[PDB]
Amino acid sequence: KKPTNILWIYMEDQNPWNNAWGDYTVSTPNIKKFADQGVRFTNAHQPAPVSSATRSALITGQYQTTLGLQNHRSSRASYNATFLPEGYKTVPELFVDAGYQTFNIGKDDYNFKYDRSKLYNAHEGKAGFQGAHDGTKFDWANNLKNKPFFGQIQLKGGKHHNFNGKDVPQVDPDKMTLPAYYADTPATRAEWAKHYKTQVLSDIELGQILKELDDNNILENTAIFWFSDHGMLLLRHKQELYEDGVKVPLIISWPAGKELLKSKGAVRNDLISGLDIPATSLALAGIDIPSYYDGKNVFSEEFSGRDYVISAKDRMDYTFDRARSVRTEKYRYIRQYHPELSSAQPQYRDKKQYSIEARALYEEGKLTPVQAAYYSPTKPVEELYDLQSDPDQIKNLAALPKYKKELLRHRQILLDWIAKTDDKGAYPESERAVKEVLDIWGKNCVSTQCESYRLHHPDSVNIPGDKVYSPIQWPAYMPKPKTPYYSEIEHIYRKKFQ
Amino acid sequence: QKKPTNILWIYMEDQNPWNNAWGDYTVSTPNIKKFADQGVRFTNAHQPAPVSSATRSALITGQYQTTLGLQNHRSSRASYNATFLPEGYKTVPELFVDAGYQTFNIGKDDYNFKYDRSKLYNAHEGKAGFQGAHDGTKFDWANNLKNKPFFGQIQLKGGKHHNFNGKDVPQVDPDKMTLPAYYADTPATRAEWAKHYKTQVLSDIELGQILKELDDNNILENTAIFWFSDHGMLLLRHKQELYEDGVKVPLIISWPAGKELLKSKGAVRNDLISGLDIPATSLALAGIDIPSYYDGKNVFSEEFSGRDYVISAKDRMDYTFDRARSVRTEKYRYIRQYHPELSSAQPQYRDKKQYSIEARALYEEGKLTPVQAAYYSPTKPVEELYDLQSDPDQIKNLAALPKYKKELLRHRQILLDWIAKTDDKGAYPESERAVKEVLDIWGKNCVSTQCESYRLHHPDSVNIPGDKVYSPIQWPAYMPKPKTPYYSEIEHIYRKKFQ
Ligand SMILES: O=S(=O)(O)OC[C@H]1O[C@H](O[C@H]2[C@@H](O)[C@@H](CO)O[C@@H](O[C@@H]3[C@H](O)[C@@H](OS(=O)(=O)O)[C@@H](O[C@H]4[C@@H](O)[C@@H](CO)O[C@@H](O)[C@@H]4OS(=O)(=O)O)O[C@@H]3COS(=O)(=O)O)[C@@H]2OS(=O)(=O)O)[C@H](OS(=O)(=O)O)[C@@H](O)[C@H]1O
Ligand SMILES: O=S(=O)(O)OC[C@H]1O[C@H](O[C@H]2[C@@H](O)[C@@H](CO)O[C@@H](O[C@@H]3[C@H](O)[C@@H](OS(=O)(=O)O)[C@@H](O[C@H]4[C@@H](O)[C@@H](CO)O[C@@H](O)[C@@H]4OS(=O)(=O)O)O[C@@H]3COS(=O)(=O)O)[C@@H]2OS(=O)(=O)O)[C@H](OS(=O)(=O)O)[C@@H](O)[C@H]1O
Ligand SMILES: [Ca+2]
Ligand SMILES: [Ca+2]
Ligand SMILES: [Cl-]
Ligand SMILES: [Cl-]
């Protein structure tokens, strides 16, 4: 027995602050039911804490660092291009070859160039944000009720702002309990309260999709994967490698096979990677998992939980940095490759009130040492956290002789992973890639990489990159589509940021 | 459970097995014959490259040279252009060092990455080699290590020997040489054929010397010897090219105290193996785990039954930019040509050799047969496919014949599977710093599109030494650069006379 369809319900920027995880701050009845009749994973760790790196990893089936897709965002300009290897199959292409209809409604946001019609054959693409393709809305549930499909539905998750419905409860910022590493500021409490409100909106949106499936008699035969790309928007969640930056909600539901999926436990606490989502989607559909994919079928008789899970952070917008984390059963380890750069480096959230207010308290000397660690001008080279005693990860154990054995063990796990994958974050980005950062962000970039670029190009620094550099021609095995929006997504230059 | 005490590679340059153990009795090769008779002889060992630095880099890292960006001959030699192996990576010698062995390589390394040689070879010191390579210094290894388990390599000149004045070397008449049909019959071509036979005798003498040194130090029985060459001989469709005798090399493995164990699957092994299986088999015999990322297998494991196919790759060679991949199955050799617009006779380092001039002269005069003239045509086919039982000289391309379309597609997809799983770095253009390194060494000899474009983009610095154009690359924190003087010497690759 196998499901007829695979569906990813794919949310942005959301942690599982809902009833199925035991949080009754707000009411999330659809999610609670959905989890009760499916399999809920309490230890699903995405390989990145930011959109394009996680989404590129999951769609290619490998850590984003292995194929050079790690930098958020990259390969968007006309003059800077990453193409997947000749013969390579992304997860949608594997479903296409097996005869499925494929679609992704909403953003792709992949850090390579591609003919979208080869991935998603059931609808048209259009231009998205910052060089991304988006898939157009269409009546997927009716058009494909008699056609096996692999689909994705992109939802806003933590990026929702529409709280005007009568169903959205009051959440008092004054009654929020903030973790000890965040400054207690009005805008920080407000974002905490707002993230709870987005749980109700995700609950509503989950209900909409299940109803559409039921109305078209494809509820029973569809395996749904329900997860987010990374944690919520505050400064030590999204963009960072702590527990709730990368650990995401995940529920898997296949009503006609629910007893099979539940065999290993309806609540799954073993370590899995987000990379196991595409591998399990293929296995459930009956499609061989390519040898080069990193993920596993989490429902196979052989799968007993990962010994460790890796996450990676690299460049984010104009913030150049590199760090890697190893999560074992009991510890989280972070290796910092730029200890000379502050975690409070300039970044895209710098004009948000929650960031302004926190930084202000730091400069006035009013933060606790736990709150101020983020703002110190340097980082430790290694962090190690005992997650049972220190779930907020505020007690670095890496300098304690009692923990040197665990530190060395985690340090070598990372080395094993770098050696076998040749982590491409070890190598500096090309000058053409730096120019793409400058096209989009201009004077916001203050990195050593950007200052070096400007010194080297005094006559063209503010000229749009597609007037400085020749376009990259696409490979013979993947000709460039003539579809107009492929030109649109490459117009990344923003005059206002120069 | 028995294991040899030592591993020894007898590592020859540019040599095909034209010796008695392969049935060739043109000259007498008694040491090689006896060595093969008492060991295991491999008749289908295919190196992953037809040129020195690409093969040697592959075998020392345990992976296809194309996977780690080591495929371009030569690369990573200058001060300003550097490839470093990944953090945490273990080369084959490093694995032996960690297991407590003494390690050495006497003669050239010629690897396409930067490295602290002392971490690979802990029993002797390096010195400056040719074109940016490290060389290992000569020392009395057999006496120094007769009581210390070791992994050693002894580099021999093979086909590059050219001192034939010893009384031990027979006369070989160029007029009685039989050349293959794709070579022009010219005096200098016949002369190189005869010379290659003479180098078989020189390799035979040297093998006997090494076995005697081992026996003189009571390490003959407890040493597993791997006897092989890095690729085929120097003529134009052997070395540098992906035909059968470019990449298929001699290989004998001999471990006298384990002789019955090694022979269990056969004293003559015709199954397909890769040169990458040499380091993997060396590790397994010594009892060292083969890393998960290595490509090779233990050819003596009960599970090993021969590869279904073997891949070889050619990329840049000196200033000749090109890219081609071959798939060798039981019956066929397939070649995919990624630059069909470039002639196989495009400019290359052998252009001033008389055997090359004489053959090209015959081409220009219209005196070559169509089989001889194919090499000199202005374009290459996009794909080549040869039935090796019917066409061992690979002179009848089957790729355009409908009877062979199923095999063509089968081989084409084997290559695609391998590109997808390894991310073949030859798909990507070399950096401007890497191109400048070619220009330092070869100057105006480079006429490739890459070099012409580099000059067009650097019109004021074309002949300035690269180390004056580009800042030196700093070595990673996990592998600091040694202060040893010769490390600066090997980076001086600029040649004024070629500018
Ligand atoms: O230009 S950047 O945002 O700096 O690009 C870098 C950034 O891109 C991705 O995230 C942003 C994008 O998804 C864009 C798409 O338009 O929207 C951004 O959200 C904007 C604000 O950051 C956000 O403020 S916040 O209160 O959530 O923190 C939000 O603000 C709107 C709301 O306040 C509503 C009601 O309250 O009123 C609006 O006026 C506010 O918009 S604003 O006045 O223009 O600031 O919505 C903003 C735009 O949304 S819109 O409806 O399309 O107009 C995203 O930034 S976000 O803070 O992260 O959500 C990348 O996110 S990803 O990795 O998840 O893909 C992000 O990492 C970074 O690359
Ligand atoms: O500068 S290059 O050779 O163009 O570098 C590119 C080349 O390097 C590798 O192979 C060469 C090197 O190993 C160097 C080391 O010095 O020597 C080269 O051999 C020289 C001649 O090419 C060779 O021509 S041959 O057809 O006769 O074999 C040979 O010529 C000598 C003989 O003819 C004898 C007998 O008359 O007299 C000598 O005077 C000749 O030497 S000459 O002064 O050049 O006329 O020997 C030469 C140097 O030999 S010596 O020991 O220094 O005295 C190698 O080129 S070879 O033809 O392929 O052997 C690369 O080879 S590798 O992949 O195996 O490492 C090669 O691919 C290429 O990169
Ligand atoms: Ca997101
Ligand atoms: Ca050689
Ligand atoms: Cl976005
Ligand atoms: Cl360290």
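Both counts, for ligands and for their atoms, begin at 1 and track the order of listing. Residue numbers begin at 1 in each chain, while the letters A, B, ... track the order of the sequences. Note: hydrogens, waters and symmetry copies are ignored here, and every other heavy atom, side chains too, is used.
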Heavy-atom contacts with [X] under 4.0 Å: which atoms of ligand 2 show up? List them by number with element.
| X | result |
| --- | --- |
| B:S52 | 62 (S), 63 (O), 64 (O), 65 (O) |
| B:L234 | 28 (O) |
| B:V51 | 63 (O), 67 (O) |
| B:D14 | 64 (O) |

Heavy-atom distance to [atom]: which of [options] wins?
| atom | options | result |
| --- | --- | --- |
| atom 46 (O) of ligand 1 | A:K159, A:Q239, A:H161, A:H230 | A:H161 |
| atom 8 (O) of ligand 2 | B:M317, B:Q131, B:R74 | B:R74 |
| atom 21 (C) of ligand 2 | B:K353, B:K157, B:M233 | B:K353 |
| atom 7 (C) of ligand 1 | A:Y348, A:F497, A:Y354 | A:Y348 |

Taking 4.0 Å as the limit for heavy-atom contacts, which would you say applies to [X] with ligand 2: side chain only, backbone only, both, or neither?
| X | result |
| --- | --- |
| B:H73 | side chain |
| B:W442 | side chain |
| B:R495 | side chain |

task = May I ask you to check whether A:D229 has an N/O atom sitting below 3.5 Å from an N/O atom of ligand 1?
result = no

*Return yes or no for this condition: an N or O of B:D318 is under 3.5 Å from an N or O of ligand 2.*
yes

Hey, is ligand 2 close enough to B:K108 that some N/O pair sits below 3.5 Å? yes

For A:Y182 and A:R236, the nearest pair of non-hydrogen atoms, with its separation, is OH-N, 2.7 Å

Salt bridge check, [Y] against [X]: does any charged N sit closer than 4.0 Å to a carboxylate O?
| X | Y | answer |
| --- | --- | --- |
| B:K314 | B:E241 | yes |
| A:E12 | A:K156 | no |
| A:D321 | A:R315 | no |

Here the atoms of ligand 1 under 4.0 Å from any heavy atom belonging to A:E12 are 64 (O)

Going by distance alone, is a donor N or O of one side chain under 3.5 Å from an acceptor N or O of the other, for [X] and [Y]?
| X | Y | result |
| --- | --- | --- |
| A:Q70 | A:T65 | no |
| B:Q15 | B:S203 | yes |
| A:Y318 | A:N444 | yes |

Only one of B:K239, B:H73, B:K108, B:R74 passes side-chain hydrogen bond (donor to acceptor under 3.5 Å, both in side chains) with B:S52, and that residue is B:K108

Which of A:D109, A:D229, A:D108, A:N111 passes side-chain hydrogen bond (donor to acceptor under 3.5 Å, both in side chains) with A:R55? It is A:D229

| query | What about A:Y110 and A:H133, are their ring centers closer than 6.0 Å? | reply | no

